[PDB]
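Engineer: I am attaching a structure below and will ask some questions about it afterwards.
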Amino acid sequence: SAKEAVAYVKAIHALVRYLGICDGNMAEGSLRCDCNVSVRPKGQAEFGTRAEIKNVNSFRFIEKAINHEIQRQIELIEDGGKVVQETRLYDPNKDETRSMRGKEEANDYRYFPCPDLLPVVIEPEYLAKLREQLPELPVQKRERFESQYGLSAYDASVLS
Amino acid sequence: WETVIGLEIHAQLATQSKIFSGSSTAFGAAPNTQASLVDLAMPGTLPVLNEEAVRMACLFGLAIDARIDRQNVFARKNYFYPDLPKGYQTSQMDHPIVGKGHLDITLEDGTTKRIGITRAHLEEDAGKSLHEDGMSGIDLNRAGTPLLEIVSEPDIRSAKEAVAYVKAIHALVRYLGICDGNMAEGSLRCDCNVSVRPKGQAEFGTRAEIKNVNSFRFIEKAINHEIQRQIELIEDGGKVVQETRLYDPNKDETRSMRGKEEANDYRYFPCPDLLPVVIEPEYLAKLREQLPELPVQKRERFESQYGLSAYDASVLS
Amino acid sequence: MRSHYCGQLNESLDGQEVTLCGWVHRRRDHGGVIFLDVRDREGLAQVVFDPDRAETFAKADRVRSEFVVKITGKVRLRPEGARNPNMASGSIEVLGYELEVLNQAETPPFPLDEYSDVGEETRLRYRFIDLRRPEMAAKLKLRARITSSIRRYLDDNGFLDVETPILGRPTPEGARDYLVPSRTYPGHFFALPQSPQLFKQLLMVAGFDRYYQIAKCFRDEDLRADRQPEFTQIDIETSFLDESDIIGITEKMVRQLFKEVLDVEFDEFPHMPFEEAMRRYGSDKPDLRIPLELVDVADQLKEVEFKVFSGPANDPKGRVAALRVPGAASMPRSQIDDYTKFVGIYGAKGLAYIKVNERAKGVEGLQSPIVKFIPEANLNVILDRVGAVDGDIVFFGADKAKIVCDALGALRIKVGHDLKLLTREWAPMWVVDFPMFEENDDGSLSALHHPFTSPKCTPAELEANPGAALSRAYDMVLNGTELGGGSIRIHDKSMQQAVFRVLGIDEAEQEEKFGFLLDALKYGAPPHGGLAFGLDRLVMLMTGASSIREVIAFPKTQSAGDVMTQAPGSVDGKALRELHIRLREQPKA
Amino acid sequence: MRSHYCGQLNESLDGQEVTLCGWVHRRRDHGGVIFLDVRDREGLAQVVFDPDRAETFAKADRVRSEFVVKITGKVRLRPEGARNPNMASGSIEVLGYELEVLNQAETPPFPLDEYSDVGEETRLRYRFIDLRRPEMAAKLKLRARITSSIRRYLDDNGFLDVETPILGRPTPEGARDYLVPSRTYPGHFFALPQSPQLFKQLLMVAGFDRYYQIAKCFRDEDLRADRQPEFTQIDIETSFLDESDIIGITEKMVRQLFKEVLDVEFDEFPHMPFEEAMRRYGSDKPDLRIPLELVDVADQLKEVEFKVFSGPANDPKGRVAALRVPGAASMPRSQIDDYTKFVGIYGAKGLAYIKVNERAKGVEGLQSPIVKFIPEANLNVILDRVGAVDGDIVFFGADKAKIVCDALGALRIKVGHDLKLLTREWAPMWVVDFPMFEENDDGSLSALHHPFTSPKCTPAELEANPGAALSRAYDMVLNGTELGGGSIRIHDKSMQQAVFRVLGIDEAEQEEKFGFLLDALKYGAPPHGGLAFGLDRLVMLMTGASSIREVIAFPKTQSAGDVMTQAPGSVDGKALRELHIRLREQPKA
RNA sequence: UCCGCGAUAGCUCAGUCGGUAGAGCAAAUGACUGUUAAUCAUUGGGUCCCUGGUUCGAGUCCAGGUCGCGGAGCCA
RNA sequence: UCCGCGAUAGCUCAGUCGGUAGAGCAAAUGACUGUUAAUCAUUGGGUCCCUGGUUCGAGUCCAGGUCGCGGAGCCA
């Protein structure tokens, strides 16, 4: 579901913010995301082409776009018509889905191991030190704020 | 989408005397002239089953290749309506005349599909209400007229297939000489139990019983316009209710005459006046010898032995 | 630069040269003399060419049908044996000095004037060359003259030409509204108005003392002949006026209009009550050209042996009316059977009759199969009452009130026209005093017009016996057709509550159906009343046209589509998506 | 039965008794004397009550705001200390003989007093009591008078008031059509017209020499402050007339209208070409109230080191224009910065300037940071050319043609109003001689109106060089706003084919988008030309109103809809299915 | 997502570094004989945008939402 | 479902008991000095409502469809 998606983006944002990897400020243009949404009628593995909506900023934008795309695909399958694979985008002003590029064929990016850069070897010692360096996760820290220290769910969460 | 429909066909048998009365069948504009004491349900009067009625019944049973029960009992369908005189319709609840047969319907998309017929029992007709002054007028001239209710197994799918089945029934009955077949005079009638379902989920849309359908065109158009309606209804969700609908060829719309609030309890039970009729294998042995050559197999016989095309064979047969 | 119009060439302009532009109707080539019939908005005129200026002749031989040309020449007075009655300018011709072809023309699909066998579909498909025909043009120009006169009158009498919006809010009960999907409000619709009724009432609330508007109206109902989906109506509403004043102004308007345009005069308009109209004509729209009148006679035929009379005669829910048609005893039995079948279509079980030939011999003086079951005295006072004499036929309608009123009313109008028993003059009238309520098939009471119609009595005499209440409503009738109508509205709290109480509607429906209206009514509404005219039918009557489509520029067929622009048409999926709607024409097996 | 209107009570009627009906504006209670301000359609009047008749007084103290009352009394000449300047009838009173409350009124949501700052959403929600206010009523009454005058003129000059259908066939290219689902033709739609263009052309084809119509128009484009979805337009089309005749009749109309209504006179309308208008005003709709004019000066500055001038000076695709503002040398640098940012909003990199104080003292006499990079001679002949003397400022716009025209044109009108330089009088004009084409983003050429506009040259001079071609189109401008416009159309086959070839569109699209039109055009179309006026803006100007909603009876908000009737609204699923549609959201493939 | 401003009687609008929602207008009652946008006194009226939390207590403070205006950001 | 009529040039409309789509009007060319719904001669034009079948051959006959007008029937 879309609400699950927003929750997942919020969880990623929170965890990464805790790790100190990214700033998290979507306004500055640090954290971005894309959504590969595809619906299908229960019973038939048939129908329901995938829709890739690119460039989604806020969580609200994510939710609204995912919903308005789900219902759109539902209608498209209901009418039948032509279910085509395209990479769409979402504008919060009109809440409509726009097509940036029409996919004529599968883009061949030609993947192959880069000859100038050699494979970096990460030994279990690296992970052994970093695991000790690992900070306490927020999702488990708020629950730890529920368990050992006397606190409510709300205040523990907003404290964490 | 997969549309599973059904067909309940009432066929008026061409017998001289009524099924339980002694009055004539074919009638003119003269009202209540074809009604004796039995049809009027006078107190103390009693019914006696017609001979050629059950004869033609088991005849259709033999033609349709159905397992005919050795014994069949008439039951009572108790409901109150001015057209129905005795307050109950003499039908057959358990042990019908004919049961579980199959009819090969020829369509235009290649294969001639086989359709199922769950039963075909003996009923009786009622009176007719007319548009007049104020009050209203009921004519019992058609009341007491023998009826054959051919109920088809819900194996029939598309609307065109349904039209094919009605035409096949009409043709078979025409060949057997049971009913006139002329829908214009009001001899052959039918109802449709259409219900659609999305492929994949055992859940489905509510059943729709469209009653009183005349011509084949009316059948096709009404069934289609009902199917699409149910499709929309399940797509939107809303309220899926079981109703008794009707079709008018003027606006091509489906209107609900009565909303089925509950299952009508007709209170079926074996009729104490009528004893169970026993059809022995000798009757069937003679009647099967009397059985005419089926048209569906006649055009195919026109295909096999005699050099002929499908078209000319069908239109000749 | 035109000098004069073709169809305005009188005999007085002789010895003057003129330049006229127009279309080439038909062209006659005799070789030594060329004839051209040039046509404009005013009509046709004849231009003649002699090869004494063979250059103009070269510009005369190339010219074909419907060419748009400009001709300058001199008006010469044509010989006595050449004068044309059909042509309004047909007593003069014009010799062509110089010609110029302003524009060429492909061959016009159909010919102008009869008996060119155009059929209605083809005439509608090429409506832009059909209106070139002088008759159609005369009809439309006449319409323009009508709207002109009405606007002049209403303007001169202190009415304000104010425009009301078309895109309004949809609501049930009255009629099917044409809907307009909203681009800005997904899931919501605009609705085309059935009448500026509510808006005009708001305009009364708004302080505007007198309002009028020639407004477009739209009904999404299945239509009748002489009925179109888009029709124009003359809306009128006034404040601080009673029914007498409104009927006065409006009547004055109709008279002034008929004298301005057709130049006829109407004397005065008789005011006839609904009850009287139903009594002696069996119709709410009486045809006062036919002097024939229905006369009730059921009271003396109560205890009589004949049963189809006595039946409804003792039944309160109906009557037995007679209809005398004079000098019509010579009528053949064929026509009688035709008429019985005719009245059959309105529900009458039978059309009884008496041929009246010799009054002094009594019963043997009345040839009819019915005369035996009815006494001589009753017969004689009946014949006395209906005004019948030697040579006449008396028909009898005996049934439920509605049935006999409609069937005998129609038999009245039918046999009225069939025997030519009318005066050919114009005959206008006002129908007033309608009942307030009627039963609604199943039961109960309901208002015929609108629950906002003013009753003649007080809310107490009203809550007393609602059946005895008459409304202050009024319809205007001309030649048995309803030109229009309206009424004075209620602005009284206790009265609105009285009619509201008497119809069975609690405040739930009062709020849901009329809440915004009642709201507007609560903030100080003045005594106001109005009326509306169907402008189309009015013009149809004033022209003498057979159908309403003949008085509309670009009409539509009985199935609401017009064959010329092929509307309604198909729209691309984009515009369909932007308006937040979907189709449902999906492929089936 | 009213005797006289409240606001039409002159001093001459003294010693006469009068009966007047209306609303209670505001009521003043002093105890010993009661004052009533009664308001009707014509205005307000004062009614006085003395307790010598305590019954009328009893029916006066209970009376509250907006009560609908009928008062009969005598018109008394008021004392010297009581006379009212503000009230047009404010030199007389009426002593109340007898009063009657025709209807009571609940307290009005917003007051009808002058200058009580209730806000617009509330003003729109109760529009039926908002239009009671005398100013709005004066505006609407003015509108009625305007349409009256225009209709009178056009009727008197042989034009035909003909109605065209609203429900038509949908088509792309021009604008988004409002659609109306068809009950009878499933999957098909009707469309509201943007203008009666096609219909008026067909009416020209139909032989009607002169047509006019006050028609409703609908556009599904997004909205703004001075733009509404439903707007009324004065359509006009004529046959066998050139541009001079049409502009003549229309100009005459505007003058006659302005004299009938506001009583002002217009002399003659100067005809200014588009190229010229763009040259000295930078706008296709010049404001002739502001005497300020743009003067080109780029010719003497073709090879100078400073690059914001030299850049556009050697590039043909742009210009460098100067603008003299008189007496404005005392201006502070702040205002200058505001103006630079203003021309900034139209894309100009900078607004250069020169303060001219002493032209005779040379180089030390022109204070500006730019003056160093430009020679004395060029400077001097510039000052000579622009008409500048002691005390003026000369601004400089140097960029692409569009940019300098829009930015300096707007800076011109802005500083025009900001410095109060215009005299506040009416200033009418005609804009003529437009170009035929402009480029369309991607490439190619396109007509800025319609491809059916007649060019002044021949189809050969036209296929030679399309950029040098001028159109026969014309707009009417008042106070720098476009009142309306039209043009003379093409009826020539080869000309239509010339513009068709030159526009790059093949016969496929020609047939698909304008095929039925070309068809109607082929069967003999006359030389015709037309024009249309935005009636709403015209009335807005004539009233002096700020917005268009002030001249519309029941307007809609900027998001398409009126808050009073809550349109657009929701419709039940039955009617939705019967019109063969289902709703949805916005996105679809 | 972010910044500023704003949601509070019928209408307009104020409310500090937390103590019964006040004021103009309108309404109701009463007073006063010349106002004319009457005045004056008294009375009545309103979920402080929603929910949860803080506190002895909430318009005010905390967190999460709804709506209107403008700005910023993003639009591989 | 059933009965009657109808679909054939730009328009209207005819076509037997099966053998190059005719006629009026319109169009094109030519003739003619008084027509006015001009005439006359000549020329050009069309998928006989769709499909299949019959015959040496189809507007015509057989079977099955589409559409317009009206009537009948049904509307437990």
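Easy rule for this one: first residue shown is 1, then count along the chain.
Cβ from N, Cα, C; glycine included.
As listed in Swiss-Prot for this protein:
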type	residues	note
SITE	D:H30	site 'Important for tRNA non-discrimination'
SITE	D:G81	site 'Important for tRNA non-discrimination'
BINDING	D:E173, D:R219, D:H449, D:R489	L-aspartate binding site
REGION	D:197-200	region 'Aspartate'
BINDING	D:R219, D:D220, D:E221, D:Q228, D:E482, D:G534, D:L535, D:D536, D:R537	ATP binding site
Engineer: Could you tally the C-beta atoms, other than its own, that fall within 10 angstroms of the C-beta of D:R537 (ATP binding site)?
Structural biologist: 20
Engineer: Rounded to whole angstrom, what's the largest C-alpha distance between any two of D:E173, D:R219, D:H449, D:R489, listed as binding L-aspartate?
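Structural biologist: Across D:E173, D:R219, D:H449, D:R489, the widest Cα separation comes out at 23 Å.
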Engineer: So among the recorded positions D:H30, D:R219, D:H449, D:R489, who's got the most Cβ atoms within 10 Å?
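Structural biologist: Per the Cβ count within 10 Å, the most buried is D:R489.
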Engineer: Find the longest CA to CA distance in the recorded ATP-binding set D:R219, D:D220, D:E221, D:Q228, D:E482, D:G534, D:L535, D:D536, D:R537; express it in Å as a whole number.
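Structural biologist: Answer in Å: the longest Cα-Cα distance is 21.
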Engineer: Mind giving me a neighbour count for D:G81 (site 'Important for tRNA non-discrimination')? Other Cβ atoms within 10 Å of its Cβ, every protein chain shown.
Structural biologist: 5
Engineer: What are the sequence-distant neighbours of D:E221 (ATP binding site), meaning same chain, six or more residues apart, C-beta distance under 8 angstroms?
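Structural biologist: In sequence order, D:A175, D:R176 meet the Cβ cut-off.
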Engineer: In DSSP terms, helix, strand or coil for D:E482 (ATP binding site)?
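Structural biologist: D:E482 (ATP binding site) sits in a strand per DSSP.
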Engineer: Return the single residue from the binding-site residues list (D:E173, D:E482) that has the minimum number of other CB atoms within 10 Å.
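Structural biologist: Across D:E173, D:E482, these binding-site residues, the one with fewest Cβ atoms within 10 Å is D:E173.
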Engineer: When a 10 Å sphere is centred on the Cβ of D:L535 (ATP binding site), how many other Cβ atoms does it contain?
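Structural biologist: Step by step: centre on the Cβ of D:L535 (ATP binding site), count other Cβ atoms within 10 Å, giving 24.
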Engineer: By DSSP assignment, list the helix, strand and coil residue numbers for the region 'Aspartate' (D:197-200), in that order.
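Structural biologist: Split into helix, strand and coil, the region 'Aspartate' (D:197-200) gives 4 helix, 0 strand, 0 coil.
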Engineer: Going by C-alpha distance, which of the recorded positions D:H30, D:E173, D:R219, D:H449, D:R489 is nearest to D:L535 (ATP binding site)?
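Structural biologist: Ranked by Cα distance from D:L535 (ATP binding site), first place goes to D:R219.
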Engineer: According to DSSP, which of helix, strand or coil covers D:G81 (site 'Important for tRNA non-discrimination')?
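Structural biologist: Note: D:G81 (site 'Important for tRNA non-discrimination') is helical by DSSP.
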Engineer: Need the DSSP three-state call for D:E221 (ATP binding site) to compare against my parser.
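Structural biologist: Once the DSSP labels are grouped into three classes, D:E221 (ATP binding site) ends up as coil.
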Engineer: Translate the DSSP assignment of D:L535 (ATP binding site) into the three-state scheme.
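Structural biologist: Assignment for D:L535 (ATP binding site) reads helix.
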Engineer: What three-state secondary structure does DSSP assign to D:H30 (site 'Important for tRNA non-discrimination')?
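Structural biologist: SS state of D:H30 (site 'Important for tRNA non-discrimination') = coil.
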Engineer: Could you state the CA-to-CA distance between D:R219 (L-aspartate binding site) and D:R537 (ATP binding site) to the nearest Å?
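Structural biologist: Counting only the Cα atoms, the answer is 16 Å.
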Engineer: Need this for a regression test: recorded positions D:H30, D:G81, D:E482, D:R537, filtered to those with Cα within 10 Å of D:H449 (L-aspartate binding site). What's left?
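Structural biologist: Within 10 Å Cα-Cα: none.
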Engineer: Using Cα coordinates, what distance in whole Å links D:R537 (ATP binding site) and D:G81 (site 'Important for tRNA non-discrimination')?
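Structural biologist: Cα of D:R537 (ATP binding site) to Cα of D:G81 (site 'Important for tRNA non-discrimination') measures 43 Å after rounding.
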Engineer: Tell me whether D:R489 (L-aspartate binding site) sits in a helix, a strand or coil according to DSSP.
Structural biologist: strand
